[PDB]
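Shown here: my_file-v5.cif, mmCIF, C-alpha atoms.
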```
data_work
loop_
_atom_site.label_atom_id
_atom_site.label_comp_id
_atom_site.auth_asym_id
_atom_site.auth_seq_id
_atom_site.Cartn_x
_atom_site.Cartn_y
_atom_site.Cartn_z
CA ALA A 326 -33.33 16.60 -11.01
CA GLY A 327 -31.88 13.15 -11.66
CA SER A 328 -32.86 10.07 -9.68
CA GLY A 329 -32.91 6.30 -9.91
CA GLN A 330 -30.59 4.09 -11.95
CA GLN A 331 -31.70 3.40 -15.53
CA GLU A 332 -30.13 3.23 -19.00
CA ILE A 333 -31.38 6.69 -20.01
CA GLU A 334 -28.52 8.78 -21.41
CA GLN A 335 -30.83 11.71 -22.25
CA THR A 336 -29.95 13.04 -18.79
CA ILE A 337 -26.24 13.40 -19.62
CA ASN A 338 -26.56 15.63 -22.69
CA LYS A 339 -29.08 17.88 -20.92
CA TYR A 340 -26.57 18.67 -18.16
CA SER A 341 -23.62 18.53 -20.57
CA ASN A 342 -25.21 21.07 -22.91
CA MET A 343 -26.21 23.15 -19.89
CA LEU A 344 -22.60 22.98 -18.70
CA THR A 345 -21.33 24.15 -22.10
CA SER A 346 -23.90 26.97 -22.25
CA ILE A 347 -22.85 28.48 -18.90
CA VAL A 348 -19.19 28.26 -19.94
CA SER A 349 -20.10 29.85 -23.30
CA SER A 350 -20.90 33.07 -21.38
CA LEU A 351 -17.25 33.91 -20.65
CA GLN A 352 -15.94 37.33 -21.66
CA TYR A 373 -21.04 34.13 -10.70
CA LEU A 374 -23.59 31.35 -11.13
CA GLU A 375 -21.26 28.51 -10.04
CA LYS A 376 -24.15 26.03 -10.02
CA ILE A 377 -21.85 23.80 -12.08
CA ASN A 378 -20.24 22.61 -8.84
CA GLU A 379 -23.59 21.73 -7.25
CA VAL A 380 -24.68 19.66 -10.26
CA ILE A 381 -21.45 17.72 -10.87
CA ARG A 382 -21.38 17.01 -7.12
CA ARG A 383 -24.77 15.30 -7.36
CA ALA A 384 -23.92 13.87 -10.80
CA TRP A 385 -20.96 12.09 -9.22
CA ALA A 386 -23.08 10.85 -6.26
CA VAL A 387 -25.33 8.79 -8.66
CA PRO A 388 -25.42 5.23 -7.20
CA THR A 389 -24.14 3.13 -10.12
CA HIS A 390 -23.59 5.53 -13.04
CA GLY A 391 -21.96 8.44 -11.20
CA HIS A 392 -18.55 7.48 -12.59
CA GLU A 393 -20.01 7.50 -16.11
CA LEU A 394 -21.95 10.74 -15.56
CA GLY A 395 -19.23 12.71 -13.79
CA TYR A 396 -16.59 11.93 -16.42
CA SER A 397 -18.88 13.14 -19.21
CA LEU A 398 -19.69 16.41 -17.42
CA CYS A 399 -16.03 17.12 -16.65
CA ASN A 400 -15.18 16.32 -20.27
CA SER A 401 -17.78 18.84 -21.43
CA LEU A 402 -16.10 21.24 -19.00
CA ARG A 403 -12.70 20.73 -20.65
CA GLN A 404 -14.05 20.57 -24.21
CA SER A 405 -15.95 23.87 -23.83
CA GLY A 406 -13.02 25.88 -22.44
CA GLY A 407 -14.25 25.90 -18.85
CA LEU A 408 -11.09 24.19 -17.61
CA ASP A 409 -8.90 27.05 -18.85
CA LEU A 410 -11.47 29.41 -17.30
CA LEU A 411 -11.17 28.09 -13.73
CA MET A 412 -7.37 28.37 -13.86
CA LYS A 413 -7.22 32.02 -14.93
CA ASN A 414 -9.89 33.37 -12.55
CA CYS A 415 -8.52 31.46 -9.54
CA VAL A 416 -6.30 34.49 -8.90
CA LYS A 417 -9.37 36.72 -8.37
CA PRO A 418 -10.31 36.97 -4.67
CA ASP A 419 -14.10 36.66 -4.93
CA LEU A 420 -13.80 33.71 -7.35
CA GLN A 421 -11.11 31.63 -5.61
CA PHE A 422 -13.05 29.02 -3.64
CA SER A 423 -15.84 28.57 -6.19
CA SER A 424 -13.29 27.87 -8.94
CA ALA A 425 -11.20 25.57 -6.74
CA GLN A 426 -14.27 23.69 -5.48
CA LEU A 427 -15.43 23.04 -9.05
CA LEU A 428 -11.86 22.16 -10.08
CA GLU A 429 -11.48 19.68 -7.21
CA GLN A 430 -14.35 17.56 -8.56
CA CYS A 431 -13.28 17.75 -12.22
CA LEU A 432 -9.68 16.60 -11.96
CA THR A 433 -10.07 13.53 -14.16
CA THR A 434 -7.19 11.94 -16.07
CA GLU A 435 -7.97 14.15 -19.07
CA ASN A 436 -8.42 17.46 -17.24
CA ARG A 437 -5.42 16.90 -14.95
CA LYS A 438 -2.93 16.81 -17.84
CA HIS A 439 -4.16 20.19 -19.11
CA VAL A 440 -3.87 21.67 -15.61
CA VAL A 441 -0.20 20.74 -15.08
CA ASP A 442 1.31 22.00 -18.33
CA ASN A 443 -0.03 25.58 -18.49
CA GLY A 444 -0.96 26.79 -15.01
CA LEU A 445 0.24 24.38 -12.33
CA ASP A 446 1.34 27.31 -10.15
CA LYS A 447 -2.16 28.82 -10.11
CA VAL A 448 -3.79 25.55 -9.05
CA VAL A 449 -1.32 24.38 -6.39
CA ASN A 450 -1.16 27.83 -4.77
CA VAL A 451 -4.94 28.14 -4.35
CA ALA A 452 -4.94 24.59 -2.99
CA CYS A 453 -2.37 25.53 -0.34
CA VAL A 454 -4.27 28.63 0.80
CA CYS A 455 -7.53 26.65 0.98
CA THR A 456 -5.96 24.38 3.62
CA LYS A 457 -4.46 27.23 5.68
CA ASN A 458 -7.88 28.69 6.59
CA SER A 459 -9.97 27.41 9.49
CA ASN A 460 -12.98 26.43 7.36
CA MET A 461 -13.25 22.65 7.01
CA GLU A 462 -14.90 22.86 3.58
CA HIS A 463 -11.98 24.89 2.24
CA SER A 464 -9.62 22.38 3.88
CA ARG A 465 -11.32 19.49 2.07
CA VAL A 466 -11.19 21.26 -1.30
CA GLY A 467 -7.48 22.01 -0.92
CA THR A 468 -6.36 18.48 -0.07
CA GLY A 469 -8.74 17.11 -2.70
CA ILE A 470 -6.80 19.07 -5.32
CA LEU A 471 -3.42 18.03 -3.91
CA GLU A 472 -4.57 14.40 -3.82
CA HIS A 473 -5.32 14.40 -7.55
CA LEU A 474 -2.23 16.41 -8.55
CA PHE A 475 -0.03 13.71 -6.98
CA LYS A 476 -1.31 11.20 -9.56
CA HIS A 477 0.48 12.53 -12.64
CA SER A 478 4.25 12.15 -13.05
CA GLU A 479 7.53 12.38 -11.17
CA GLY A 480 8.13 15.91 -12.44
CA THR A 481 4.62 16.93 -11.41
CA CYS A 482 5.05 15.45 -7.93
CA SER A 483 8.42 17.20 -7.62
CA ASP A 484 6.88 20.52 -8.67
CA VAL A 485 3.96 20.24 -6.23
CA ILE A 486 6.47 19.41 -3.49
CA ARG A 487 8.47 22.50 -4.50
CA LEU A 488 5.41 24.78 -4.65
CA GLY A 489 4.46 23.64 -1.14
CA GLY A 490 1.89 20.92 -1.78
CA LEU A 491 3.67 18.39 0.43
CA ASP A 492 3.70 20.86 3.33
CA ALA A 493 -0.05 21.49 3.04
CA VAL A 494 -1.09 17.83 3.16
CA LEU A 495 1.18 17.25 6.17
CA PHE A 496 -0.10 20.43 7.83
CA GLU A 497 -3.65 19.07 7.44
CA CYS A 498 -2.70 15.73 9.02
CA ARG A 499 -3.37 17.33 12.43
CA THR A 500 -7.05 17.85 11.61
CA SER A 501 -10.01 16.07 13.20
CA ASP A 502 -12.29 16.04 10.15
CA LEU A 503 -12.62 12.66 8.45
CA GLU A 504 -13.01 13.85 4.85
CA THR A 505 -9.83 15.94 5.13
CA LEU A 506 -7.84 13.01 6.52
CA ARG A 507 -9.20 10.75 3.77
CA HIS A 508 -7.79 13.25 1.27
CA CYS A 509 -4.51 13.52 3.18
CA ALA A 510 -4.08 9.75 3.43
CA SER A 511 -4.92 9.21 -0.25
CA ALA A 512 -2.57 12.04 -1.24
CA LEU A 513 0.44 10.46 0.47
CA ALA A 514 -0.23 7.05 -1.09
CA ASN A 515 -0.29 8.60 -4.56
CA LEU A 516 2.92 10.53 -3.89
CA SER A 517 4.61 7.33 -2.69
CA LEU A 518 3.86 5.70 -6.06
CA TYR A 519 4.20 8.57 -8.57
CA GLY A 520 7.09 10.17 -6.67
CA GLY A 521 10.15 8.05 -7.36
CA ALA A 522 13.56 7.69 -5.77
CA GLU A 523 14.25 11.38 -5.12
CA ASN A 524 10.69 12.23 -4.06
CA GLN A 525 10.36 9.35 -1.60
CA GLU A 526 13.63 10.58 -0.09
CA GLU A 527 12.03 14.02 0.27
CA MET A 528 9.08 12.42 2.07
CA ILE A 529 11.46 10.86 4.60
CA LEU A 530 13.03 14.27 5.25
CA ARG A 531 9.59 15.89 5.62
CA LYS A 532 8.87 13.16 8.23
CA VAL A 533 5.94 11.75 6.26
CA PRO A 534 5.91 8.49 8.31
CA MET A 535 5.82 10.72 11.41
CA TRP A 536 2.41 12.07 10.37
CA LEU A 537 1.30 8.83 8.71
CA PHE A 538 1.39 7.21 12.16
CA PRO A 539 -1.69 9.09 13.48
CA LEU A 540 -3.51 8.27 10.24
CA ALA A 541 -2.45 4.61 10.27
CA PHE A 542 -4.27 4.06 13.59
CA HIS A 543 -7.51 5.85 12.68
CA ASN A 544 -10.63 3.86 13.52
CA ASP A 545 -11.96 4.77 10.07
CA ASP A 546 -11.12 1.88 7.75
CA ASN A 547 -10.62 4.31 4.85
CA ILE A 548 -7.98 6.43 6.61
CA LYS A 549 -6.22 3.40 8.09
CA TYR A 550 -6.04 1.61 4.72
CA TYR A 551 -4.42 4.28 2.55
CA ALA A 552 -2.10 5.36 5.37
CA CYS A 553 -0.63 1.86 5.64
CA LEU A 554 -0.60 1.55 1.84
CA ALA A 555 1.57 4.66 1.57
CA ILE A 556 3.91 3.17 4.18
CA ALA A 557 3.95 -0.17 2.34
CA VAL A 558 5.10 1.50 -0.89
CA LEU A 559 7.81 3.34 1.06
CA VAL A 560 9.54 0.14 2.23
CA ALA A 561 9.70 -0.99 -1.40
CA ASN A 562 12.61 1.42 -1.87
CA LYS A 563 15.61 -0.42 -0.42
CA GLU A 564 17.31 2.90 0.46
CA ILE A 565 14.71 4.05 3.01
CA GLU A 566 13.61 0.68 4.41
CA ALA A 567 15.06 1.29 7.89
CA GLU A 568 13.55 4.76 8.31
CA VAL A 569 10.05 3.63 7.34
CA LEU A 570 10.32 0.72 9.79
CA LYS A 571 11.00 3.12 12.69
CA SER A 572 7.36 4.25 12.76
CA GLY A 573 6.12 0.73 13.46
CA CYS A 574 2.93 0.92 11.37
CA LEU A 575 3.70 -2.15 9.25
CA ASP A 576 2.85 -4.39 12.22
CA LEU A 577 -0.76 -3.22 11.72
CA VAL A 578 -1.20 -4.63 8.19
CA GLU A 579 -1.73 -8.28 9.14
CA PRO A 580 -4.63 -7.79 11.63
CA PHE A 581 -6.35 -5.73 8.92
CA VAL A 582 -6.12 -8.10 5.94
CA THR A 583 -7.14 -11.07 8.13
CA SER A 584 -10.30 -9.33 9.38
CA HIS A 585 -11.55 -7.29 6.37
CA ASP A 586 -13.68 -8.79 3.62
CA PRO A 587 -12.09 -7.81 0.27
CA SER A 588 -15.47 -7.80 -1.50
CA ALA A 589 -17.13 -5.64 1.17
CA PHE A 590 -14.20 -3.23 1.52
CA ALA A 591 -14.24 -2.99 -2.28
CA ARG A 592 -17.84 -1.78 -1.97
CA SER A 593 -17.06 0.85 0.67
CA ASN A 594 -13.98 2.09 -1.22
CA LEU A 595 -13.27 2.26 -4.98
CA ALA A 596 -16.75 0.89 -5.73
CA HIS A 597 -18.22 4.24 -6.78
CA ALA A 598 -15.24 4.72 -9.07
CA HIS A 599 -14.18 1.75 -11.20
CA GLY A 600 -11.12 1.02 -9.09
CA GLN A 601 -7.73 2.65 -9.50
CA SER A 602 -6.24 3.74 -12.81
CA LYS A 603 -3.98 1.39 -14.75
CA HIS A 604 -1.06 3.78 -14.31
CA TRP A 605 -1.84 3.72 -10.58
CA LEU A 606 -1.82 -0.08 -10.35
CA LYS A 607 1.32 -0.24 -12.50
CA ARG A 608 3.12 1.79 -9.82
CA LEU A 609 1.93 -0.73 -7.20
CA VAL A 610 3.15 -3.88 -9.00
CA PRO A 611 6.73 -3.64 -7.59
CA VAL A 612 5.31 -3.72 -4.05
CA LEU A 613 4.31 -7.35 -4.66
CA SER A 614 8.02 -8.22 -4.83
CA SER A 615 9.13 -6.38 -1.69
CA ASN A 616 11.40 -7.44 1.17
CA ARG A 617 8.69 -7.13 3.83
CA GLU A 618 5.82 -9.59 4.13
CA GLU A 619 3.51 -6.86 5.44
CA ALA A 620 3.99 -4.95 2.17
CA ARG A 621 3.17 -8.02 0.06
CA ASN A 622 0.20 -8.81 2.32
CA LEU A 623 -1.31 -5.39 1.56
CA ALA A 624 -0.24 -5.10 -2.09
CA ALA A 625 -1.80 -8.48 -2.88
CA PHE A 626 -4.79 -7.44 -0.75
CA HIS A 627 -5.30 -4.53 -3.15
CA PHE A 628 -4.96 -6.53 -6.37
CA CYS A 629 -7.44 -9.09 -5.03
CA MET A 630 -9.68 -6.08 -4.38
CA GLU A 631 -9.12 -4.65 -7.88
CA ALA A 632 -9.77 -8.00 -9.60
CA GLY A 633 -13.46 -8.09 -8.73
CA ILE A 634 -13.83 -4.40 -9.56
CA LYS A 635 -12.22 -4.94 -12.96
CA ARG A 636 -14.13 -8.19 -13.56
CA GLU A 637 -17.49 -6.47 -13.04
CA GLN A 638 -16.81 -4.07 -15.92
CA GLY A 639 -15.00 -6.57 -18.14
CA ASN A 640 -11.58 -4.89 -18.16
CA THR A 641 -9.38 -7.58 -16.61
CA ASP A 642 -6.82 -7.20 -19.42
CA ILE A 643 -5.51 -4.20 -17.45
CA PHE A 644 -3.39 -6.50 -15.27
CA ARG A 645 -1.72 -8.04 -18.33
CA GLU A 646 -0.92 -4.54 -19.63
CA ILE A 647 0.96 -3.61 -16.42
CA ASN A 648 2.95 -6.86 -15.97
CA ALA A 649 0.94 -7.60 -12.82
CA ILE A 650 0.33 -11.23 -13.80
CA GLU A 651 4.02 -12.11 -13.49
CA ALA A 652 4.17 -10.71 -9.95
CA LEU A 653 0.87 -12.23 -8.80
CA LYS A 654 2.07 -15.68 -9.89
CA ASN A 655 5.28 -15.43 -7.86
CA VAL A 656 3.16 -14.39 -4.86
CA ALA A 657 0.52 -17.12 -5.31
CA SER A 658 3.31 -19.68 -4.74
CA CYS A 659 5.27 -18.15 -1.85
CA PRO A 660 4.90 -19.93 1.53
CA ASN A 661 3.22 -16.81 2.99
CA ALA A 662 -0.39 -17.98 3.19
CA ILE A 663 -1.78 -14.45 3.59
CA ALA A 664 -0.37 -13.13 0.31
CA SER A 665 -0.89 -16.61 -1.19
CA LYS A 666 -4.69 -16.60 -1.01
CA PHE A 667 -4.98 -12.93 -2.02
CA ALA A 668 -2.79 -13.34 -5.11
CA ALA A 669 -4.61 -16.59 -5.97
CA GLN A 670 -8.18 -15.25 -5.88
CA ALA A 671 -7.00 -12.22 -7.86
CA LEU A 672 -5.66 -14.41 -10.68
CA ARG A 673 -8.83 -16.52 -10.67
CA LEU A 674 -10.82 -13.29 -11.14
CA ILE A 675 -8.63 -12.28 -14.11
CA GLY A 676 -8.09 -15.48 -16.09
#
```
Can the structure in the file be given as structure tokens, please?
Amino acid sequence: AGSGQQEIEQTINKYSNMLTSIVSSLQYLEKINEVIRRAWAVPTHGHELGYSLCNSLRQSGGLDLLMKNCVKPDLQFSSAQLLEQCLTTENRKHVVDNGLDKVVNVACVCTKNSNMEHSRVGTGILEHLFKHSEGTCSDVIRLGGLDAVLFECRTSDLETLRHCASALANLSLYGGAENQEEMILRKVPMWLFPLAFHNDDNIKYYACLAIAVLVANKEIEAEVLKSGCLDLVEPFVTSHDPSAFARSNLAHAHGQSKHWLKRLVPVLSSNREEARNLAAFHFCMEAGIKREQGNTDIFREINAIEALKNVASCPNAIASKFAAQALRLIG
């Protein structure tokens, strides 16, 4: 077993070669899910360890293996549970182009059954599949992915809601004009209201963030305001430490992807102050996460510096201090 937190990389190749040896037996052990699960959960290097294991899973042909055998009944959940953990930026592109129907369908049926663990695996797959493209988000909405995350919004489990809240925030960004319109028809703010008021700071944060991205589209601004969840943003940002809430969320992983933050930049120049208060609250949260690893040039690659400067000068003191500390943590 692996334990501690040292510079030894000899642990990675042992479990990467073991991962490639089990995959090399294709023509059910399924202990690959139990090891990547704990490989992710490493305190400080889990993001470095998990990405290497999932890369060895894609480089050895195991990614194409989980997609073909997910139609077999006795191998459905084990393949989907291992696929839910290894949906990195590299593996996710290969999943969409060849067998997106096989993966979305097994994610929908995992949420329809009364087992909570199957419900968490399903929404965990739909959460990641909403972080690709507009065409991908439109296809998942067509195949029924949007119905499954909204159907799981009535749950009581926390881990399932955390997947359902994070799925709707990713769809709000990667969706676009036509897909955000579809979310208004599916009454997404109707089911984001119970998530926006959750006592869990994780569920409340990403629920409001999804709603904040939805008022950025000037065609649906009135419908998103009808829910009344934007009036909850200000008491949150004025009572939550950005450094501490960066350690409870997106500390394990090295923040959000650059393509994810690029989609959030236009929220900084929105009509509503509550949207700017939360968008700047996220970039001030991402600045320290990026500064720890030394990749602050990400914000210059996504034209986020131009927006943060216009916000650091606006009379709104809430978004002023958040956009200021972010820029000081970048350069």
>> When the PyMOL selection byres ((chain A and resi 607) around 10) is applied to the structure above, which residues does it catch, written out as number ranges by chain?
In response: A: 518, 601-606, 608-612, 643-644, 646-649
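Across the structure, atom CA of residue A:448 and atom CA of residue A:515 are spaced 17.9 Å apart.
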> Contacts of residue A:598 at 9 Å or less, counting all atoms listed in the file, minus same-chain residues fewer than 2 places along, as a ChimeraX atom specification?
Replying inline: /A:391-393,594-596,600-601
> To one decimal place, how far is atom CA of residue A:434 from atom CA of residue A:557 in Å?
Replying inline: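 Interatomic distance here is 24.7 Å.
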>> One number please: atom CA of residue A:535 to atom CA of residue A:486, in Å, one decimal.
In response: 17.3 Å
> So what does the PyMOL selection byres ((chain A and resi 326) around 12) actually pick up in this one, as an MDAnalysis selection string?
Replying inline: chainID A and resid 327:329 336:337 339:340 379:381 383:384 387
Axis-aligned box over every listed atom of stretch 495-499 of chain A, padded by 4 Å per side: centre and edges in Å to one decimal, as AutoDock Vina command-line options?
```
--center_x -1.2 --center_y 18.1 --center_z 9.3 --size_x 12.8 --size_y 12.7 --size_z 14.3
```
> If we count only C-alpha atoms, what is near stretch 623-634 of chain A at a cut-off of 8 Å, once residues fewer than 2 positions away on the same chain are taken out, given as a PyMOL selection string?
Replying inline: chain A and resi 554+557+578+582+587-588+590-591+596+599-601+609-610+612-613+619-621+636-638+641+653+656+664+667-668+670-672+674-675
>> Taking (14.2, 1.8, -0.9) in the coordinates of the supplied file, I want to know which residues reach to within 12 Å of it, counting all atoms listed in the file; could you give the answer as an NGL selection string?
In response: :A and (517 or 521-526 or 529 or 556-570 or 611-612 or 615-617)
Could you save the residues just selected, with C-alpha atoms, as a JSON list (two decimals), keeping the file's coordinate frame?
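The result, written out as selection.json:
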```json
[["chain", "number", "residue", "atom", "x", "y", "z"],
["A", 517, "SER", "CA", 4.61, 7.33, -2.69],
["A", 521, "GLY", "CA", 10.15, 8.05, -7.36],
["A", 522, "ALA", "CA", 13.56, 7.69, -5.77],
["A", 523, "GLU", "CA", 14.25, 11.38, -5.12],
["A", 524, "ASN", "CA", 10.69, 12.23, -4.06],
["A", 525, "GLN", "CA", 10.36, 9.35, -1.60],
["A", 526, "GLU", "CA", 13.63, 10.58, -0.09],
["A", 529, "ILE", "CA", 11.46, 10.86, 4.60],
["A", 556, "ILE", "CA", 3.91, 3.17, 4.18],
["A", 557, "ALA", "CA", 3.95, -0.17, 2.34],
["A", 558, "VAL", "CA", 5.10, 1.50, -0.89],
["A", 559, "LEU", "CA", 7.81, 3.34, 1.06],
["A", 560, "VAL", "CA", 9.54, 0.14, 2.23],
["A", 561, "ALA", "CA", 9.70, -0.99, -1.40],
["A", 562, "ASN", "CA", 12.61, 1.42, -1.87],
["A", 563, "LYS", "CA", 15.61, -0.42, -0.42],
["A", 564, "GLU", "CA", 17.31, 2.90, 0.46],
["A", 565, "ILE", "CA", 14.71, 4.05, 3.01],
["A", 566, "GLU", "CA", 13.61, 0.68, 4.41],
["A", 567, "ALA", "CA", 15.06, 1.29, 7.89],
["A", 568, "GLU", "CA", 13.55, 4.76, 8.31],
["A", 569, "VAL", "CA", 10.05, 3.63, 7.34],
["A", 570, "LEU", "CA", 10.32, 0.72, 9.79],
["A", 611, "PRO", "CA", 6.73, -3.64, -7.59],
["A", 612, "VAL", "CA", 5.31, -3.72, -4.05],
["A", 615, "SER", "CA", 9.13, -6.38, -1.69],
["A", 616, "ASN", "CA", 11.40, -7.44, 1.17],
["A", 617, "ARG", "CA", 8.69, -7.13, 3.83]]
```
>> To test your reading of the syntax: which residues would the PyMOL selection byres ((chain A and resi 395-404) around 12) return for the file shown? Reply as a ChimeraX atom specification.
In response: /A:334,336-349,377-394,405-412,427-440,597-599
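For the residues A:659, A:471, A:574, A:513, ranking by smallest atom-to-atom distance to residue A:542 using all atoms listed in the file places A:574 first.
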> Taking only C-alpha atoms into account, which of A:449, A:461, A:514, A:374 comes nearest residue A:490?
Replying inline: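 Once distances to residue A:490 are computed over only C-alpha atoms, the minimum belongs to A:449.
When only C-alpha atoms are used to compute distances to residue A:417, the closest of the residues A:447, A:592, A:666, A:571 turns out to be A:447.
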> A:657, A:503, A:528, A:491: which is nearest residue A:614, counting all atoms listed in the file?
Replying inline: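 Among the listed residues, A:657 lies closest to residue A:614.
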>> Env of residue A:499: 9 Å cut, atoms = only C-alpha atoms, seq-sep filter 4 positions within chain, self excluded. Answer as a PyMOL selection string.
In response: chain A and resi 495+506+536+539
> For residue A:507, which residue among A:488, A:552, A:453, A:482 is the nearest when counting only C-alpha atoms?
Replying inline: A:552
>> Set the distance at 8 Å and use all atoms listed in the file: which residues neighbour residue A:475 once local chain neighbours fewer than 2 positions away are removed? I'd like the list as a list in words.
In response: residues 471, 472, 473, 477, 478, 481, 482, 485, 512, 515, 516, 519 and 520 of chain A
> Quick one: of A:474, A:540, A:501, A:442, who's nearest to residue A:459, counting all atoms listed in the file?
Replying inline: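 Among the listed residues, A:501 lies closest to residue A:459.
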